[PDB]
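**Q** Here it is, the structure, as structure tokens.
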Amino acid sequence: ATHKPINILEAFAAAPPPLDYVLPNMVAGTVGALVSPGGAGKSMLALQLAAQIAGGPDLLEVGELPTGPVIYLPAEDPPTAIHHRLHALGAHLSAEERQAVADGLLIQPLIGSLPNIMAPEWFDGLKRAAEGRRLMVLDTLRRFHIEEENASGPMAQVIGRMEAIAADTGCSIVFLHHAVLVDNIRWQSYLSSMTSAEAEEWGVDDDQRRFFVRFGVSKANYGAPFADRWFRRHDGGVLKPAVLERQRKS
Amino acid sequence: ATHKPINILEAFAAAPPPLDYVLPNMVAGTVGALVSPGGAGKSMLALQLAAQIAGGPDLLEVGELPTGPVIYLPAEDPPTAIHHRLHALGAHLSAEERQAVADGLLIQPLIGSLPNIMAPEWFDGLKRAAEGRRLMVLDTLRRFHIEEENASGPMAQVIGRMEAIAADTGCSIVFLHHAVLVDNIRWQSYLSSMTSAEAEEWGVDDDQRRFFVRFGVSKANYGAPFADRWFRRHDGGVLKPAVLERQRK
Amino acid sequence: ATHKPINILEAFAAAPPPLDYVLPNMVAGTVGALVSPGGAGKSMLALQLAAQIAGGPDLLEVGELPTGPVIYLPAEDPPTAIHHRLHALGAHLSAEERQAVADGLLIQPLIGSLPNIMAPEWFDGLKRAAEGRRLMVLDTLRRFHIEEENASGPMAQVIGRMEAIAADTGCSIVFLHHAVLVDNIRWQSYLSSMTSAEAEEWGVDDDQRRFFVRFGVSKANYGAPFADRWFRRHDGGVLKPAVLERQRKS
Amino acid sequence: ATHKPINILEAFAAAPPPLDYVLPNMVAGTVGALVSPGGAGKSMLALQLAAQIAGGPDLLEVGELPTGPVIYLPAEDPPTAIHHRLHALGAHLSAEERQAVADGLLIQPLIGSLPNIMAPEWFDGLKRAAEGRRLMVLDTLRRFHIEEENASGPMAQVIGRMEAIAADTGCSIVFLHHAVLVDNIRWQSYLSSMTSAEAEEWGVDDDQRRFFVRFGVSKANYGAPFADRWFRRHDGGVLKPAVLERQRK
Amino acid sequence: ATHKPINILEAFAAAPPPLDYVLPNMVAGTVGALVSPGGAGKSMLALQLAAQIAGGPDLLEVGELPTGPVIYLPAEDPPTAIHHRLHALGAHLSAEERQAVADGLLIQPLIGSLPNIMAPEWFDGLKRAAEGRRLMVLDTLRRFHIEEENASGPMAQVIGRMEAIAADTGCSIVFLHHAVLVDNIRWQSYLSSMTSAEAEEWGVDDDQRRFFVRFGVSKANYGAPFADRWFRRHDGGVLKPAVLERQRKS
Amino acid sequence: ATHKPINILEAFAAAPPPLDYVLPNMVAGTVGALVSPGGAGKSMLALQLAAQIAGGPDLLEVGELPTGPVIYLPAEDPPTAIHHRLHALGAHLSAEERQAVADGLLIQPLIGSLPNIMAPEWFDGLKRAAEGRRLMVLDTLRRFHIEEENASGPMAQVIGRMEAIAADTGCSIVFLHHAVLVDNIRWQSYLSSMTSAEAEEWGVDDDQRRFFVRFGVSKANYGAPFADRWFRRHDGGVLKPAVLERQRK
């Protein structure tokens with residue numbers, strides 16, 4: 001929110017200091033987006049990412065990430081659904097990993113709460129909930145505001161508010177979005193369920209395509225290129241790397 | 001609503017009780033949508049599903065569903081037409097089944113009442129009607145609000161309000177919609193009138209396709225897959241499983 | 001406008017009681033639409049329908065319809081035009097049919113009156129004019145409101161008002177519309193003038209196509225399917241069934 | 001206006017007096033439109049029709065029209081240009097015809113006046129100008145209102161206001177329009193500059209087509225059909241029947 | 001702004017009096033538009049036209065034009081740019097032509113001034129600056145108002161204001177516009193830079209197309225047809241007739 | 001600003017001093033735009049140009065530019081990222097060049113500050129920051145206003161405000177824009193990531209094109225033509241002339 005001018009001479013003289021990535025190619029202290037059609041698994045993947053930064057294992061094999069307290073704000077799923085996802089995830093975690101996640105990760109369900117980042121008391125409240133956290137996840141942005149998502153003005157105000165919170169507190173904010181916003185943000189990732197055409201090409205049967213999703217970073221400023229991943233959906237929806245041959249057509 | 005934080009150790013350390021589904025793949029206490037072109041059979045389907053959850057028999061053969069009080073709010077169809085739809089359904093029901101349904105279903109006609117969920121009087125009224133119930137059916141959403149249906153902001157408000165009602169009271173809300181409103185609903189089912197192409201697919205004569213409708217869940221969160229069903233429309237439009245053989249070419 | 005809960009047990013037990021159709025496949029007590037391009041004959045056909053429900057003959061051969069007092073509200077044609085249509089229609093009516101129509105049908109011209117269903121005094125006034133009538137015809141809806149016809153919110157308010165009047169009074173309301181609204185209504189009929197292509201297919205010369213219009217019900221919930229009709233336009237525009245061979249191309 | 005109910009027995013029992021048409025197929029006391037791309041000759045056509053109804057001769061050969069006082073309101077063309085258009089027309093008129101036209105036509109220039117029919121002062125002013133007249137010509141509508149021309153709501157208001165004026169006073173209103181506004185006007189005529197295709201159709205050389213314009217009634221309520229006319233543009237743009245032979249291919 | 005009724009008998013009887021054209025086919029006392037993409041040379045051509053009506057020479061060879069005081073209001077170019085264009089133009093003018101232009105032409109730069117014709121004090125001020133002038137040039141209209149250029153209502157108000165000023169003062173107003181408005185105006189001219197395709201057709205090399213622009217009148221009511229001109233851009237951008245052979249393809 | 005009338009005799013009678021360009025083909029004291037898709041290198045290019053006008057060396061080889069104080073306002077990138085971009089650039093600079101740049105460049109981070117040029121506090125603040133400076137860089141415009149970017153009215157206001165600031169203070173403003181806003185800016189430059197087609201054109205392998213970006217001036221008023229440049233992206237994204245041979249087919 002308020003900054004001193006850069007000390008230029010000091011930025012030239014001080015050693016090349018590594019960018020700090022909250023998520024692959026996302027600079028810590030900023031706002032990013034996870035984008036996909038409803039149902040593709042954003043809520044699972046975000047949960048897994050949240051748990052990982054909280055100190056659980058890199059199950060997705062996206063690479064090791066700095067740890068810190070995390071706050072997950074699901075506003076669309078009822079608590080009981082969150083319990084199920086957690087329990088399913090839990091089967092993949094050791095006793096110590098589980099404990100680290102429980103220490104590091106706050107999940108504060110907001111279904112029916114009607115949170116509105118443009119109202120001063122919700123702004124304050126989201127800002128207080130970001131304080132002391134390294135990551136905040138909004139699942140999904142649509143439930144945190146009552147603006148027209150296709151209006152760039154109101155959306156600059158909505159995103160600007162998240163930017164102010166991330167800038168002041170150092171808590172990165174990632175919002176999920178059901179598939180503009182994209183132009184208003186600097187880091188963008190996505191999920192897409194395996195299509196009929198992608199199925200007939202990584203050599204998986206059509207009746208099995210529902211078990212795989214592509215994950216990538218479609219927008220970022222900085223870092224080494226991030227290769228698109230395939231994930232297999234295990235029980236409860238838990239995502240892990242998929243082992244896929246790929247079809248060099250004759 | 002107002003939620004305590006999730007207790008994570010506790011969720012890891014023991015199997016939660018099974019998810020409670022109000023409809024196939026729809027978790028209880030949430031908001032879902034039923035969508036189709038006007039005329040495709042939403043009223044009849046919803047009325048049948050409402051009567052099954054109220055305690056009636058599983059005529060649609062969608063599987064056994066937990067029962068509980070249902071309230072059905074038709075805002076487009078006059079009482080006379082609702083009487084016709086109910087009587088036709090009635091002919092499939094024994095006295096006991098009729099009793100079970102009447103004990104569990106309230107139908108509150110709303111034609112001409114102009115309910116507006118963005119008005120505090122109607123918001124409170126709908127919330128009190130949801131209290132203690134398992135399912136509330138809004139037929140159709142177009143009649144419960146005076147906003148622009150392709151304005152995402154106002155629709156987020158309308159939907160937010162149903163979500164508050166569902167979360168405070170535990171009562172699920174299904175709204176029906178005549179084909180943005182769907183992008184941010186987590187459960188979505190549809191009805192689709194059998195087309196000429198599909199009639200040929202299932203060896204049904206063209207002059208007969210209007211007796212057949214397809215039902216499906218097109219969006220839901222992870223869970224047991226639910227197969228697309230064909231229903232036949234009997235008299236008064238009552239829907240029952242269709243007996244159709246697949247064809248090749 | 002306000003209703004008791006359905007008595008369910010009574011709806012099961014009471015005999016299958018016939019739907020009451022104000023017009024073919026239109027449930028009495030509701031709102032419906034007659035839709036077509038300007039000039040296709042909506043005003044004639046509506047007049048003929050009005051006269052018929054008032055107790056005149058089924059000249060269009062759409063089938064016999066329950067009788068009742070009718071109110072026709074033309075807001076677009078001057079009185080003298082209405083006189084001409086009436087006089088022309090009159091030539092097709094017996095002395096007793098004429099008298100029945102005059103007893104049953106009120107025509108209250110509204111050209112230049114500026115009626116607005118969203119203003120409380122016009123609402124009240126339309127409601128009072130529906131009272132005691134079985135059918136009210138608005139010719140055309142565009143003259144009864146100052147909303148954007150392509151805005152679904154304002155149009156839900158405009159149609160909702162007609163629904164409130166039809167529900168309270170039992171007077172069905174049919175509005176004409178010059179070619180949304182269609183999604184906001186449950187019964188929809190149309191007129192379309194015979195095209196060049198339809199002419200070369202029911203075997204009528206091109207210079208004669210102007211004498212025929214297709215009438216159908218493009219939307220309804222209930223009843224036996226209503227077959228599209230051709231009508232011939234006689235003197236003054238009066239519509240009657242047309243006798244058309246139809247062209248099985250070789 | 002305020003109308004007595006139609007007396008139905010009386011309308012059945014005797015032949016009404018003939019419809020009174022202010023223009024071919026346009027009933028007197030209503031609102032109609034004349035439409036064309038800017039430049040196609042609306043001003044000249046309307047001025048000629050206004051001068052014929054005022055009492056001038058039938059140069060357009062559209063048939064004899066009832067006469068009565070006309071008021072013509074050009075809001076886009078400066079007086080100098082109107083003087084030019086009138087003088088050119090004048091050369092077709094005898095002294096007697098010039099007199100008849102001046103007795104029956106008032107032309108009130110409005111360029112720069114910014115008349116707004118939605119403002120009470122201008123609504124009253126136009127209504128008083130219509131009083132006792134047979135025709136009022138608004139050239140063009142774009143200059144009599146400050147609304148969006150493809151906003152149906154505001155345009156219904158603008159048009160409603162002309163309809164009130166026409167019904168209270170008996171004076172017909174024709175507005176001209178440079179090509180929603182047309183969907184809800186009951187009489188619509190047009191002008192169309194002869195195209196290359198049409199030039200070939202009527203054996204006119206391409207370098208000459210700009211001397212020819214087509215006139216027609218594209219919408220009207222039931223009545224005697226009115227054939228599309230070709231006009232030739234003489235000096236100053238005066239329009240007169242064109243002498244053109246149809247061609248085949 | 002306010003007019004007496006036409007004396008009809010006098011318009012018939014008084015001799016055929018020549019229309020007074022401020023610019024080719026533009027009736028004096030009205031509003032017109034010069035339209036083109038940014039960068040095509042509107043500001044030069046308008047300057048040249050302004051200087052010509054002020055009493056400088058017909059360098060563009062558009063035909064001789066009545067003289068009168070002119071006011072040029074550039075709101076987009078800084079003074080120093082105007083000085084350069086002037087100096088370059090000056091090289092084409094005799095000592096007497098220069099003096100006539102300086103006597104006749106006021107240039108009042110408005111860059112950064114924020115003029116708004118919808119504000120009463122700017123309206124008054126533009127009206128006062130039109131008084132005593134034969135031509136006023138607004139370069140470009142976009143800087144004289146804060147309305148939506150694609151909204152026909154607000155644009156009727158903006159143009160209506162210019163029409164009121166031109167009608168009262170007899171000062172014609174021409175606004176430039178960077179490429180609706182066109183339907184709201186009766187005289188329209190344009191500039192278009194020579195395209196790749198026009199280059200390969202008037203037989204000028206591609207690397208030379210940047211030296212030519214087409215000028216025409218795309219909309220007018222009155223006068224002899226105005227032939228499209230090619231202009232060559234000389235030093236400083238000064239426009240003069242181009243000598244172009246034209247390519248009758250085999 | 002407030003301008004005296006142009007003295008025309010004086011402008012004709014003597015050669016004005018040369019135009020003063022702040023950037024190639026952009027007259028000093030005006031507003032210009034730099035446009036590209038997000039990611040294409042605007043921040044780096046602008047930072048390099050800002051450092052050159054501040055007194056640094058001409059690494060881009062766009063020609064010698066007059067120097068003067070520059071203020072750079074990044075509103076999207078966190079300080080950490082700006083430190084990285086500056087350090088990378090720093091590696092191309094001698095101690096003296098580092099000094100010259102630090103003497104002439106102020107960088108005021110704005111992430112999360114939500115500057116709004118339509119608010120009087122921010123309008124005044126930006127104007128005082130422009131005072132006495134030669135260049136002000138707004139990175140990007142989207143963060144300096146809360147209007148709709150394809151609403152011409154509000155954008156005319158936003159741009160009008162920059163033009164007032166530039167004219168009152170003499171400080172040029174360049175805003176960057178992630179690809180109406182461009183139709184009414186008089187100077188426009190762009191960056192374009194090398195495409196597959198272009199890679200083939202300049203014999204660069206596809207897996208290498210992401211190291212190359214094209215820079216150009218796509219709109220400016222009459223003046224010396226400025227050729228499109230290819231830049232190579234070195235570490236941290238520093239841009240320098242690319243050494244590329246044209247290919248034929």
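The way I read the labels, and the way they are meant: chains A, B, ... in the order of the structure tokens, residue 1 as the first residue of every chain, and ligand 1 as the first ligand shown, with later ones counted on from there.
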Counting only C-alpha atoms, what is within 9 Å of range 192-209 of chain F, bar same-chain residues fewer than 4 positions away, as a list in words?
**A**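 Using only C-alpha atoms, the neighbours found are residues 35, 36, 37, 39, 40, 41, 213, 214, 215, 216, 230, 244, 245, 246, 247, 248 and 249 of chain F.
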**Q** Could you save the residues just selected, with N, CA and C atoms, as a PDB file, in the first residue's frame?
**A**
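Generated file (result.pdb):
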```pdb
ATOM      1  N   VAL F  35       2.642  -0.058 -26.051  1.00  0.00           N
ATOM      2  CA  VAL F  35       1.708  -1.164 -25.962  1.00  0.00           C
ATOM      3  C   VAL F  35       2.194  -2.542 -26.358  1.00  0.00           C
ATOM      4  N   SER F  36       1.758  -3.537 -25.607  1.00  0.00           N
ATOM      5  CA  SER F  36       2.125  -4.919 -25.903  1.00  0.00           C
ATOM      6  C   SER F  36       1.254  -5.827 -25.051  1.00  0.00           C
ATOM      7  N   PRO F  37       1.128  -7.090 -25.451  1.00  0.00           N
ATOM      8  CA  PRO F  37       0.554  -8.110 -24.562  1.00  0.00           C
ATOM      9  C   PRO F  37       1.382  -8.151 -23.263  1.00  0.00           C
ATOM     10  N   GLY F  39       3.700  -9.319 -20.439  1.00  0.00           N
ATOM     11  CA  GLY F  39       4.799 -10.266 -20.580  1.00  0.00           C
ATOM     12  C   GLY F  39       5.811  -9.993 -21.683  1.00  0.00           C
ATOM     13  N   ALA F  40       5.510  -9.107 -22.627  1.00  0.00           N
ATOM     14  CA  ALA F  40       6.341  -8.965 -23.819  1.00  0.00           C
ATOM     15  C   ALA F  40       7.626  -8.166 -23.560  1.00  0.00           C
ATOM     16  N   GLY F  41       7.707  -7.476 -22.402  1.00  0.00           N
ATOM     17  CA  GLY F  41       8.909  -6.719 -22.002  1.00  0.00           C
ATOM     18  C   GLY F  41       8.748  -5.215 -21.826  1.00  0.00           C
ATOM     19  N   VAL F 213      12.344  -9.972 -29.276  1.00  0.00           N
ATOM     20  CA  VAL F 213      11.173  -9.094 -29.264  1.00  0.00           C
ATOM     21  C   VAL F 213      11.366  -7.959 -30.275  1.00  0.00           C
ATOM     22  N   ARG F 214      10.275  -7.567 -30.928  1.00  0.00           N
ATOM     23  CA  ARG F 214      10.321  -6.485 -31.916  1.00  0.00           C
ATOM     24  C   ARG F 214       9.800  -5.200 -31.334  1.00  0.00           C
ATOM     25  N   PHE F 215      10.504  -4.116 -31.622  1.00  0.00           N
ATOM     26  CA  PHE F 215      10.101  -2.828 -31.102  1.00  0.00           C
ATOM     27  C   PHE F 215       9.856  -1.864 -32.248  1.00  0.00           C
ATOM     28  N   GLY F 216       8.821  -1.056 -32.126  1.00  0.00           N
ATOM     29  CA  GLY F 216       8.538  -0.096 -33.170  1.00  0.00           C
ATOM     30  C   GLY F 216       7.698   1.087 -32.724  1.00  0.00           C
ATOM     31  N   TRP F 230      14.932  -5.280 -33.781  1.00  0.00           N
ATOM     32  CA  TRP F 230      14.879  -6.487 -32.998  1.00  0.00           C
ATOM     33  C   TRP F 230      15.806  -6.320 -31.796  1.00  0.00           C
ATOM     34  N   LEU F 244      20.621 -10.360 -36.346  1.00  0.00           N
ATOM     35  CA  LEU F 244      19.780 -11.296 -37.094  1.00  0.00           C
ATOM     36  C   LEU F 244      19.845 -11.095 -38.594  1.00  0.00           C
ATOM     37  N   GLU F 245      20.075 -12.175 -39.351  1.00  0.00           N
ATOM     38  CA  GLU F 245      20.097 -12.060 -40.811  1.00  0.00           C
ATOM     39  C   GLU F 245      18.746 -12.417 -41.463  1.00  0.00           C
ATOM     40  N   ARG F 246      18.224 -11.505 -42.284  1.00  0.00           N
ATOM     41  CA  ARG F 246      17.011 -11.730 -43.071  1.00  0.00           C
ATOM     42  C   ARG F 246      17.054 -12.963 -43.993  1.00  0.00           C
ATOM     43  N   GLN F 247      15.954 -13.723 -44.090  1.00  0.00           N
ATOM     44  CA  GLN F 247      15.895 -14.893 -45.015  1.00  0.00           C
ATOM     45  C   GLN F 247      14.809 -14.838 -46.115  1.00  0.00           C
ATOM     46  N   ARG F 248      15.106 -15.496 -47.231  1.00  0.00           N
ATOM     47  CA  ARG F 248      14.227 -15.538 -48.406  1.00  0.00           C
ATOM     48  C   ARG F 248      13.679 -16.976 -48.669  1.00  0.00           C
ATOM     49  N   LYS F 249      12.818 -17.148 -49.682  1.00  0.00           N
ATOM     50  CA  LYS F 249      11.945 -18.319 -49.731  1.00  0.00           C
ATOM     51  C   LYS F 249      11.576 -18.650 -51.162  1.00  0.00           C
TER      52      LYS F 249
END
```
**Q** With the cut-off set at 8 Å and counting only C-alpha atoms, tabulate each residue of chain D with an atom at most that distance from an atom of chain C, showing the nearest atom pair and its distance in Å to one decimal, ordered by chain and increasing number, as CSV.
**A**
```
residue,atom,partner,partner_atom,distance
D:1,CA,C:113,CA,5.4
D:2,CA,C:113,CA,6.8
D:3,CA,C:109,CA,5.9
D:4,CA,C:108,CA,7.0
D:5,CA,C:108,CA,4.7
D:6,CA,C:107,CA,5.5
D:7,CA,C:102,CA,7.9
D:8,CA,C:102,CA,5.3
D:9,CA,C:102,CA,5.9
D:11,CA,C:87,CA,5.4
D:12,CA,C:87,CA,4.6
D:13,CA,C:87,CA,7.6
D:14,CA,C:87,CA,7.3
D:15,CA,C:87,CA,6.5
D:16,CA,C:84,CA,6.5
D:19,CA,C:80,CA,6.9
D:27,CA,C:81,CA,7.9
D:29,CA,C:78,CA,7.5
D:30,CA,C:78,CA,7.3
D:151,CA,C:148,CA,6.7
D:152,CA,C:148,CA,5.3
D:153,CA,C:147,CA,4.5
D:154,CA,C:146,CA,6.8
D:156,CA,C:146,CA,6.1
D:157,CA,C:146,CA,6.4
D:160,CA,C:114,CA,6.2
D:161,CA,C:112,CA,7.4
D:162,CA,C:112,CA,7.9
D:163,CA,C:112,CA,4.7
D:164,CA,C:112,CA,3.7
D:165,CA,C:112,CA,7.2
D:166,CA,C:112,CA,7.4
D:167,CA,C:112,CA,5.5
D:168,CA,C:112,CA,7.4
D:183,CA,C:178,CA,6.4
D:184,CA,C:178,CA,6.7
D:186,CA,C:38,CA,7.1
D:219,CA,C:39,CA,6.6
D:220,CA,C:39,CA,6.4
D:221,CA,C:39,CA,5.7
D:222,CA,C:237,CA,6.2
D:223,CA,C:236,CA,7.4
```
**Q** Create the file for the chosen residues now, containing N, CA and C atoms and written as a CSV table (one decimal), in the first residue's frame.
**A**
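File selection_39.csv, as written:
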```csv
chain,number,residue,atom,x,y,z
D,1,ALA,N,-54.8,11.8,-26.0
D,1,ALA,CA,-56.3,11.8,-26.3
D,1,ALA,C,-57.2,11.0,-25.3
D,2,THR,N,-58.5,11.1,-25.5
D,2,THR,CA,-59.5,10.4,-24.7
D,2,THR,C,-60.7,9.8,-25.5
D,3,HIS,N,-60.7,8.5,-25.6
D,3,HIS,CA,-61.6,8.0,-26.6
D,3,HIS,C,-62.9,7.4,-26.0
D,4,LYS,N,-64.0,7.6,-26.7
D,4,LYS,CA,-65.2,6.9,-26.2
D,4,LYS,C,-65.0,5.4,-26.7
D,5,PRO,N,-65.7,4.5,-26.1
D,5,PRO,CA,-65.6,3.1,-26.5
D,5,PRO,C,-66.2,2.9,-28.0
D,6,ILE,N,-65.7,2.0,-28.7
D,6,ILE,CA,-66.3,1.8,-30.0
D,6,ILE,C,-67.7,1.3,-29.9
D,7,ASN,N,-68.6,1.9,-30.6
D,7,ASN,CA,-70.0,1.5,-30.7
D,7,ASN,C,-70.0,0.4,-31.8
D,8,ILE,N,-70.1,-0.9,-31.4
D,8,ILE,CA,-69.9,-2.0,-32.3
D,8,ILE,C,-71.2,-2.2,-33.2
D,9,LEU,N,-72.4,-2.2,-32.7
D,9,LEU,CA,-73.6,-2.4,-33.5
D,9,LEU,C,-73.6,-1.3,-34.6
D,11,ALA,N,-71.0,0.2,-36.0
D,11,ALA,CA,-70.0,-0.1,-37.0
D,11,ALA,C,-70.4,-1.3,-37.9
D,12,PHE,N,-71.1,-2.3,-37.4
D,12,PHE,CA,-71.6,-3.4,-38.2
D,12,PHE,C,-72.7,-3.0,-39.1
D,13,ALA,N,-73.6,-2.0,-38.7
D,13,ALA,CA,-74.9,-1.9,-39.2
D,13,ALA,C,-74.9,-0.9,-40.4
D,14,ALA,N,-73.8,-0.1,-40.4
D,14,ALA,CA,-73.6,0.8,-41.6
D,14,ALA,C,-72.1,1.0,-41.9
D,15,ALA,N,-71.9,1.0,-43.2
D,15,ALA,CA,-70.6,1.5,-43.9
D,15,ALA,C,-70.1,2.7,-43.3
D,16,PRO,N,-68.9,2.6,-42.6
D,16,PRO,CA,-68.3,3.8,-42.1
D,16,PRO,C,-68.0,4.7,-43.3
D,19,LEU,N,-62.0,5.6,-45.2
D,19,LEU,CA,-60.8,6.0,-44.5
D,19,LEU,C,-60.3,7.3,-45.1
D,27,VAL,N,-53.3,6.5,-42.7
D,27,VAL,CA,-54.5,7.1,-42.1
D,27,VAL,C,-54.2,8.4,-41.4
D,29,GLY,N,-54.2,11.5,-38.8
D,29,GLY,CA,-54.1,11.5,-37.4
D,29,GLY,C,-53.2,10.5,-36.7
D,30,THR,N,-52.3,9.9,-37.5
D,30,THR,CA,-51.4,9.0,-37.0
D,30,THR,C,-50.0,9.4,-37.3
D,151,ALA,N,-32.4,2.4,-28.4
D,151,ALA,CA,-32.9,2.1,-27.0
D,151,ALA,C,-34.5,2.2,-27.2
D,152,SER,N,-35.1,1.0,-27.1
D,152,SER,CA,-36.5,0.8,-27.4
D,152,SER,C,-37.4,1.6,-26.4
D,153,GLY,N,-37.0,1.6,-25.1
D,153,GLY,CA,-37.7,2.3,-24.1
D,153,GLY,C,-37.9,3.8,-24.4
D,154,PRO,N,-36.7,4.5,-24.4
D,154,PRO,CA,-36.8,5.9,-24.7
D,154,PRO,C,-37.4,6.2,-26.1
D,156,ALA,N,-39.9,4.6,-27.4
D,156,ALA,CA,-41.3,4.4,-27.2
D,156,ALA,C,-41.9,5.7,-26.7
D,157,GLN,N,-41.1,6.3,-25.8
D,157,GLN,CA,-41.5,7.6,-25.2
D,157,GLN,C,-41.6,8.7,-26.2
D,160,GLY,N,-44.4,7.8,-28.5
D,160,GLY,CA,-45.7,8.0,-27.8
D,160,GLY,C,-46.1,9.5,-27.8
D,161,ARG,N,-45.1,10.3,-27.6
D,161,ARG,CA,-45.4,11.7,-27.6
D,161,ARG,C,-45.9,12.3,-28.9
D,162,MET,N,-45.4,11.8,-30.1
D,162,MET,CA,-45.9,12.2,-31.4
D,162,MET,C,-47.3,11.7,-31.5
D,163,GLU,N,-47.5,10.4,-31.0
D,163,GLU,CA,-48.9,9.8,-31.2
D,163,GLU,C,-49.9,10.6,-30.3
D,164,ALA,N,-49.5,11.1,-29.2
D,164,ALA,CA,-50.4,11.9,-28.4
D,164,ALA,C,-50.7,13.1,-29.2
D,165,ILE,N,-49.7,13.8,-29.7
D,165,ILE,CA,-50.0,15.0,-30.4
D,165,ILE,C,-50.9,14.8,-31.6
D,166,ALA,N,-50.6,13.7,-32.4
D,166,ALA,CA,-51.4,13.4,-33.6
D,166,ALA,C,-52.9,13.1,-33.2
D,167,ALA,N,-53.1,12.3,-32.1
D,167,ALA,CA,-54.4,12.0,-31.6
D,167,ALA,C,-55.2,13.1,-31.0
D,168,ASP,N,-54.5,14.0,-30.2
D,168,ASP,CA,-55.2,15.1,-29.6
D,168,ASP,C,-55.6,16.1,-30.7
D,183,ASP,N,-39.9,-0.8,-36.3
D,183,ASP,CA,-40.7,-1.9,-35.8
D,183,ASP,C,-42.1,-1.5,-35.2
D,184,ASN,N,-42.2,-0.4,-34.6
D,184,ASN,CA,-43.4,0.0,-33.9
D,184,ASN,C,-44.0,1.3,-34.5
D,186,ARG,N,-46.6,2.3,-37.6
D,186,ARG,CA,-47.5,1.5,-38.5
D,186,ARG,C,-47.5,1.8,-40.0
D,219,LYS,N,-44.3,-0.5,-45.3
D,219,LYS,CA,-45.2,-1.0,-44.3
D,219,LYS,C,-46.5,-0.1,-44.2
D,220,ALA,N,-47.6,-0.8,-44.2
D,220,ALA,CA,-48.9,-0.1,-43.9
D,220,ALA,C,-50.0,-1.1,-43.5
D,221,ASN,N,-51.1,-0.6,-42.9
D,221,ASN,CA,-52.1,-1.6,-42.6
D,221,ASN,C,-52.9,-1.9,-43.8
D,222,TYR,N,-53.6,-3.0,-43.8
D,222,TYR,CA,-54.5,-3.4,-45.0
D,222,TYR,C,-55.1,-2.3,-45.8
D,223,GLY,N,-55.2,-2.4,-47.1
D,223,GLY,CA,-55.6,-1.3,-48.0
D,223,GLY,C,-55.1,-1.4,-49.4
```
**Q** Using DSSP secondary structure from the backbone, list all alpha helix (DSSP H) positions within range 18-78 of chain D, as a list in words.
**A**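 Across range 18-78 of chain D, those assigned alpha helix (DSSP H) are residues 42, 43, 44, 45, 46, 47, 48, 49, 50, 51, 52, 53 and 54 of chain D.
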**Q** Using only C-alpha atoms, which residues sit within 8 Å of residue 188 in chain C once same-chain residues fewer than 3 positions away are excluded, as a PyMOL selection string?
**A** chain C and resi 32-35+182+185+217-220
**Q** Report, in Å to a single decimal, how far apart CA of residue 72 in chain E and CA of residue 139 in chain E are.
**A**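 Going from CA of residue 139 in chain E over to CA of residue 72 in chain E covers 7.8 Å.
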**Q** Can you pull out the residues contacting residue 229 in chain E? Cut-off 8 Å, using only C-alpha atoms, and skip same-chain residues under 4 positions away; I want them as a PyMOL selection string.
**A** chain E and resi 214-216+241
**Q** Can you write just those residues out, N, CA, C and O atoms, as a short mmCIF file (atom, residue, chain, number, x, y, z; two decimals), in the first residue's frame?
**A**
```
data_model
loop_
_atom_site.label_atom_id
_atom_site.label_comp_id
_atom_site.auth_asym_id
_atom_site.auth_seq_id
_atom_site.Cartn_x
_atom_site.Cartn_y
_atom_site.Cartn_z
N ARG E 214 -5.06 10.12 -50.03
CA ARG E 214 -6.29 10.41 -50.73
C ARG E 214 -7.22 11.31 -49.90
O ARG E 214 -7.41 11.12 -48.70
N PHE E 215 -7.76 12.33 -50.56
CA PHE E 215 -8.68 13.27 -49.95
C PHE E 215 -9.93 13.25 -50.77
O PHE E 215 -9.86 13.32 -52.03
N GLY E 216 -11.07 13.14 -50.08
CA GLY E 216 -12.37 13.17 -50.72
C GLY E 216 -13.46 13.67 -49.77
O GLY E 216 -13.21 13.94 -48.56
N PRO E 241 -1.03 18.77 -54.76
CA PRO E 241 -1.49 17.78 -55.76
C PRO E 241 -0.34 16.85 -56.17
O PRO E 241 0.81 17.29 -56.35
#
```
